[PDB]
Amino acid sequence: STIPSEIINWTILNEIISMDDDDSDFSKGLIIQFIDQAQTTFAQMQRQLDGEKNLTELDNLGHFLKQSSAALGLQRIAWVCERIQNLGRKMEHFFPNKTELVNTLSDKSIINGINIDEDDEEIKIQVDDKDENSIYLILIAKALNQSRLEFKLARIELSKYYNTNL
């Protein structure tokens, strides 16, 4: 499947533009909660990659954040989390380069002010025929770097539509 080109699904973009004051405050609270959730989630995935390397936990973490991001329309985060899930389940063996995924952005402008590697963490896991999990862990590490960028881009977008720094 292909990563969506828009950061926010148009369903949710319509709601944002149409919401009254009560619904807008409520949705803003949801987003603030999601931001704290995703930062906890990413840091738990990083600690796994650096420590126990439990693929089952990495899968559960991606499953959890796919749902919370998708419910807010943040479909690119959701797509990457789905890759992490399926890599953790050993059902995928591929994760696209950052240049390919950035190139799919429908709005070429949200990149140019940003260091897209700023939130990267070095991938220290080696391919090893004695560790059947090594390849999946390396691809999850790549996907986590993509996630952190998609997360920063989603925050920049949401900040524009809610007129405050989220």
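Sequential numbering from 1, following the sequence displayed.
Participant: Hey, which bit's got the bigger mean C-alpha B factor in the entry, 60-68 or 107-115?
Facilitator: Mean C-alpha B-factor is greater for 107-115.
Participant: Can you let me know which of the two, 22-30 or 125-133, has the higher average C-alpha B-factor in the entry?
Facilitator: Averaged over C-alpha atoms, the B-factors run higher in 125-133.
Participant: Can you tell me which of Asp36, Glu52, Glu100, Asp120 has the maximum CA B-factor listed in the PDB entry?
Facilitator: Highest C-alpha B-factor among the listed residues goes to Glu52.
Participant: Relative to the other modelled residues in the chain, which third contains the C-alpha temperature factor of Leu144: lowest, middle or highest?
Facilitator: Its C-alpha B-factor belongs to the lowest third of this chain's values.
Participant: Give the position of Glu150 by CA B-factor within its chain, expressed as the lowest, middle or highest third.
Facilitator: It belongs to the lowest third of the chain when residues are ordered by C-alpha B-factor.
Participant: What third of its chain's C-alpha B-factors does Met91 belong to: lowest, middle or highest?
Facilitator: Highest third, going by the recorded CA B-factors of the chain.
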